[PDB]
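Chain IDs A, B, C, D, E and F follow the sequence of writing; residue 1 opens each chain.
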Amino acid sequence: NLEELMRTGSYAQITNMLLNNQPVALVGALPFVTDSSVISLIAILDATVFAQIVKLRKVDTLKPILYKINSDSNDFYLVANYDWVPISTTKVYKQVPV
Amino acid sequence: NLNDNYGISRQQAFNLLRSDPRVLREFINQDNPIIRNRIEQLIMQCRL
Amino acid sequence: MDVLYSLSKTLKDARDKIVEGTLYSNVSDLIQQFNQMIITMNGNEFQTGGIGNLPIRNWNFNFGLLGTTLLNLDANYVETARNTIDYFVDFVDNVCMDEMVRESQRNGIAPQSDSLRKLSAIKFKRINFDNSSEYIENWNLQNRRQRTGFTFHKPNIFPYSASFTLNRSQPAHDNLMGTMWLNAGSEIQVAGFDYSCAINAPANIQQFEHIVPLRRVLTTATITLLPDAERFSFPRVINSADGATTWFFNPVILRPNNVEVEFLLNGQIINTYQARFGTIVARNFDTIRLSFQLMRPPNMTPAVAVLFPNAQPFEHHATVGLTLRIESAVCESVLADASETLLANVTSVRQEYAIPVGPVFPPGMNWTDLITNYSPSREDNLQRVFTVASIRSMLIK
Amino acid sequence: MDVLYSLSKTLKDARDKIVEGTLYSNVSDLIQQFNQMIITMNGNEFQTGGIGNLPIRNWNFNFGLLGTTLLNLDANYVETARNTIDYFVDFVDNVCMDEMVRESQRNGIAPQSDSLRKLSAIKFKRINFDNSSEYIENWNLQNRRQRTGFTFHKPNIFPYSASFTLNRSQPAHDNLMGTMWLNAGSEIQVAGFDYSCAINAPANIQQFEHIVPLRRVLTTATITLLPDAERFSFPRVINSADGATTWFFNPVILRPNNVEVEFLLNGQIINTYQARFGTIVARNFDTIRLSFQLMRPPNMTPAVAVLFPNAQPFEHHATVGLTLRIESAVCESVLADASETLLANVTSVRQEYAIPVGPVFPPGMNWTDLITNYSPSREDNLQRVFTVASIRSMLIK
Amino acid sequence: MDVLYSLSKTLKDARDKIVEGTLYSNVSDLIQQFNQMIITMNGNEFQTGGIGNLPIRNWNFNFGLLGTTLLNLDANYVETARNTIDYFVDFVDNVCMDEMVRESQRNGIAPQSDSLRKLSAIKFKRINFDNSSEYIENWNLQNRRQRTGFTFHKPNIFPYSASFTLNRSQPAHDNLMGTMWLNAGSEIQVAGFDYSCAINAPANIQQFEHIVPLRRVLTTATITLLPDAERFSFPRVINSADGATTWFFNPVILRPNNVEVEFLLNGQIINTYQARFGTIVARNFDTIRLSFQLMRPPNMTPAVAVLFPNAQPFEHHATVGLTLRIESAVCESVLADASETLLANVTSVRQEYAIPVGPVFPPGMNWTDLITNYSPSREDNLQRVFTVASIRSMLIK
Amino acid sequence: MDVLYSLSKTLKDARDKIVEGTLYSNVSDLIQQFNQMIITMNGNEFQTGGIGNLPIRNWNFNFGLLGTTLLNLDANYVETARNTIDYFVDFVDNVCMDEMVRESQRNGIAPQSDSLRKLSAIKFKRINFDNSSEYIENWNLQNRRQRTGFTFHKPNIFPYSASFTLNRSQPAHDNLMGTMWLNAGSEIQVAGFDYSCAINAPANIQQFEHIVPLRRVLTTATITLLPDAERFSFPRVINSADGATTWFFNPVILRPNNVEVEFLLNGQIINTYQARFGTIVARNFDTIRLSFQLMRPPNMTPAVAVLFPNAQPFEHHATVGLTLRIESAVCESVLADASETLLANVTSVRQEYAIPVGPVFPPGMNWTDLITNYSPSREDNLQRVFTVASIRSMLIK
């Protein structure tokens, strides 16, 4: 729970997990960066946003990356013209509109 | 023995010390093993 | 109960840790616990006793906190601490005795003394400390309805019973077959005797059985099983079953063959040992079944043929025995055993203060009667009083 | 092993210290140790069981750290901690059982379960805590190759053995000289008998000797020596050595003469007690030698003289016995005493889960066979299983 | 003594808690205590030994403090600590042996060795720590002149006595009435025998009594009382009182009737049990008086009647027995018992180093003599040596 | 179990309270509870069945909340609620059946079905609502470790027995004395008969006893005691004890003399009634002892006298009986009574789905066997299944 982590101020557990690459789900109302870039997806740019937590002992600057790859993406030819399965380590916990 | 294992009342102890038949028979009927054993000892010692 | 244990534990840790010259870093946490105990107990009045010859005593707490500005304890610090600890220990002793001398058919585990009822309030939960001892640990476990376990050395699980059962007899008691046994504490000695030495028995083998049901389920018990009952191997004169007359027993011991010891739980054979002696293990059982046979020796030297005739006059009576001792065991309920003094302490307090016989326990805390009728109410009351006795023993030497 | 003991110790401390109302200063260190354990264990997967009927279980550790409270921890804190404590206790239980049910002929000291092998890795060494238990202490000492010590009450050091030796004998078994003994658990009971009552022996003295060797040296042992053997003091019908026939033994007990008890170590006489009975001390020994005599009484009253005639017919057989009981001892190896539950626990786990017989221990953990052939590999395995059993008993009743 | 115990306790805690990989928060206070011990002992020189073969040894302390900056102990820290701990443990062991091998007729409670005399100085008080052990706790209570208490399993309280008394006797030893008894360790086996089976005794009853005093007052004792004496239920040939001749004893066992057991303190009856067997409790006593009667059966089957004629030629001799065993007890004085090994340790040290027989204890620390003449000076010296032996056993296995 | 009860209670309350036209103020709290239940159950997956013929079912919860803004509910609201209520009721029904059909020899009190194991989790604790039914409140009290009590009208506490005991008997069965009895459900009918009408008995009185022990202690019991055993007052042809032959019983009923009924707890008389018939109260007992005498009429009119001659030919046999009915009682353990349908529900479910016989209960849930061998595991499983049966019956009818 990001709220409890921030309130308690002890980042030992999250720091250990982020250092040792242990799967975890950070729960809390977060703002995300919408990225429609297939090359940004390939660059694994969504996994480079958590180090600031360890560096600063704060979680109010955490801003996950939500990939949005469509036909109106400027790089969708990479998805269309090659035999690969787009993949990202991170996922954003969000609900589709009603 | 009776006081240790049964904690008799003050009145009962008074009557037993005075050798009151009422308290003696009350204990006998109540089936106190200690009193019954003492009385049986007396009856058996009444050999002849 | 937990608060009483915590008081006792704090006082014991104070009497042992707070010693002149010791670093304050060795006793900082203990002194914090002690100060919180004093703060919580201050301004409360308690009354103990009033039952039997136990005197009515009143307790008032207005104490100052132990200091915390010293890097090492000196004589004065220990002196003041001891002055406070003596009064607290006296209060704990009287609370424990007042609780031990009381019973209740309903809610046996609930506090019975006024002092313990008052301590059960929520303001006193602030002083709880650590519940490390075996009895308080099991108290908390049974309070949460977990699996408790007490480890006993020679558990006192069998009520005293010395008796005999005859399967063949006559008015003259000159040709008898049957069994004799003593069950006592943790030891069963059983001897089957046959006067005819199975001369007319089918296959010259006489079967004997002995069933000892335990009042509680023992677990992981180490048991010593030896092939002879030394208690029934000498001449005896024994009252007849009705008591009218007496009969003569003149044993001569043979080895028991086809020894089968079966430990059963709810009628299901959990462990079974055949012709096995020494240390055996019974993991979980509530009944013991000993089967053993007297077999007439197929070949006899003259001195044995003289012993065992085929005519009626049977001067020497064949006997085969077994001894079975429970060296150690584990029980979910509480029992008196050879290594613990809890039953002795409870009985001593009751006898010393002439506590009137109550509605739950038998007179004088007679263990034979307790175990013979170990009802759930008796178990609850006994566990409460044993826990209080252990708490008291923490402090009173 | 040390990691497993540390997990058990920290869980026991958490159960016995994290209780509603206690100060946070009382459990600061414990909570730090607990959170270190959680951090180290998190993300690791373990598998336990798979031998006999022990189920295969998979363990995953995904827990949050224990929190803090300003002054006194409350019910919510206790419940939240209890969930994690229960899961960890279950895990440690299963690891200990999977270790107990396994053995290895070579490298018996080494961990045998995959769980314990994983825990032996370097990453978990941060979970060590304090190794205070007696068995973990001796485990560490044995690992360092230092002298160890286990204190046993009635150590079960003698393999069960009831036998007799006949130094003089005839087919009719009417004039026998010899000695019958029972060595069981912690007791020796030896009776030397002569049917002629040393009528035709030099100085009218018949010598008897009984030499009992012990598999493992014992140090600083308290022993009780008494001048009679109650087990061999009543009439018996005993099978012959060949088993062909049976002979009759009708003893009359005389006092043993010139009783000398020697405790030897490596063939050197360490302790010697001459006609002394009661409590003696044997500081170091691996053999016991009991030498006693039957001295024909020089002057016998008429009733006595009737018993011992010059000529052959001997109806009463002179018997002189000794009893010896090791009440307490210290051994560098591991034994099954009469007060501990480790042997019972190991045997109970094996029997409950129907573990097949392995290559090290005898079937059913038979203590007679185990101590009769207490090989060094067997001792390694037994120490390992007993250490893990004690670790498990820390947490399980 | 408190300083010596503190040294042993801090070294034991260093052995257990200072282990590779543990959090420094688990050893911070222990390391501060260890550094305080090092500081206090630095610059000091002690000498031990010089009595018997106990070699003379000299100790000088110049040790550096242990580091306090690690987050988790590593191998180097443990090795460095172990280097100091080895020397300290050797010094403590030698001091304890030197103390255990010395006596004093007057002021035997005080330290006897030069090393412990030096440790008794105030400058060493800073090494105090916590006196949590049972024996050191009783030592502190003794010093503070409070009430002490030791709990013993099977206390060795009865001075060894195997004997008989003949109330009715003749030179022929054919019509004897009297008692035989063995008081040993914690068991009293007493039989009363009548050769005439009370044929002429008034009321056809023969009364027997047996008084066993104790050299110390036992408290809250659990006792087992069984209605037969196995040790005195088989044929015997006993030397006469003068030793001139031997007399024959061929017993037949009858039940003891009107069995009374009294526990008295300072000659005053404290507890009395009439015709009650099994587990009993004696809260506070110093003397045991057992009383029991042989009642000639009024009715007898032919086999029983053949045994007890009206005339002199008595072949079978009626006897009635009792067995009283002290399972557990509490005493204010130190005693040898079945569970503890302090007597064994002291005796072993004295035997190993060939200490000349002193002016206080009997040769070889003979417990029979010690407890037959348990004088107050012997009690003081014995408590001193027992406390030192426990302190030593904390460290040396 | 608490969560399951809360689910069933919420669904029953929704069925009862959510009706057309009702003020929303009448069901505001209920709808808050219903929405909380829906939220907690959403997104979770459950499986039920798989044992016997009970189908394997999968349950998923993706329901929408209920409106909270109307003033009076309308038909639309009722239908919208009912659609969800049907699914939840079906889920509760199947979970309850799955729990009923199962049993465990170890920890029978804990949940056995995987659905109930999942509901045991902490996440579902938000569904608790109310615990006001008898069985759920007794469950909670037992877990809290307080006194419980179930009130029964005609409790089936007596295992079905119908048998006789013959104290005087011959092969011809012409002259018999003894008793006959039927102990069934909540009634005891006993009849002592004597064929000679105590012609030769001492004082012409024949004593009869009948002891009925119970498997559980009953408290505050109302009982009807009447002076005739109507079941044993007509001619009968019974079969011999070993079944060899048949004997005749032609009773003539006399008044029972000296009627004593004793209600005993732990072998001590708690209640006792002498010559008193009608309604009586037994406050706390576990054994019923009935004593009654056949007293030969001292004065007889000729018609009476002709019945009872002094010679063997006896055509009329004097019989005296008692009938005892337990109308109401309170017991700590669950039983089967005449008013509740829990035993019927459990047995019906097991029979309908053809559950294979398990390791705990007897075949067919035979109440006679169950109450004959009412063991701890059986009691735990029986209480669990009865609580689940009550929870299910809240919804299914």
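Some notes on this structure:
Throughout what follows, a residue touches a chain if its C-beta (ideal position, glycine included) is under 8 Å from a C-beta of that chain, and two chains touch if they have at least 3 such contacts.
Centrality by C-alpha centroid: the chain sitting nearest the overall protein C-alpha mean is C. The interface formed by D-E recurs in C-D: of the pairs listed in C-F or C-D, only this one shares over half of its residue-numbered contact pairs with it.
The interface holding more C-beta pairs in contact, when C-E is weighed against A-D, is C-E.
In this assembly, the C-alpha centroid of chain A lies 90 Å from the C-alpha centroid of chain B. Measuring from the averaged C-alpha position of chain B to that of chain C gives a distance of 31 Å.
Centroids of chain D and chain F (each the mean of its C-alpha atoms) stand 50 Å apart. Chain geometry summary: the mean Cα position of chain A and that of chain C are 64 Å apart. Within chain C, residues 153, 230, 234, 339, 351, 364, 366 each touch two or more of the remaining chains.
Of all residues in chain A, none touches two or more other chains.
Touching of two or more other chains is recorded for residues 4 of chain B.
Looking at the complex, you find that chain D touches chain C at residues 13, 15-17, 19-23, 25-26, 72, 153-154, 156, 159-160, 162, 171-174, 182, 184-185, 230-231, 234-239, 244-248, 336, 338-341, 343-345, 347-348, 351-352, 365-368, 396-397.
Residue ranges on chain C touching chain F, taken from their complex, read 105-107, 109-110, 142-143, 145, 266-267, 362, 369, 372-373, 375-376, 378.
Those residues of chain C that touch chain B in the complex are listed here as 52, 350-351, 354-357, 363-364, 366.
Contact residues on chain B toward chain C in their complex (touch as defined above): 3-9. The touching residues of chain C, when paired with chain D in their complex, are 2, 29, 32-33, 36, 125-132, 137-138, 140-141, 147-149, 151, 153, 219-222, 224, 226-228, 230, 233-234, 251-255, 271, 276-279, 281, 283-284, 297, 299-304, 307, 316, 318, 327-328, 330, 332, 339.
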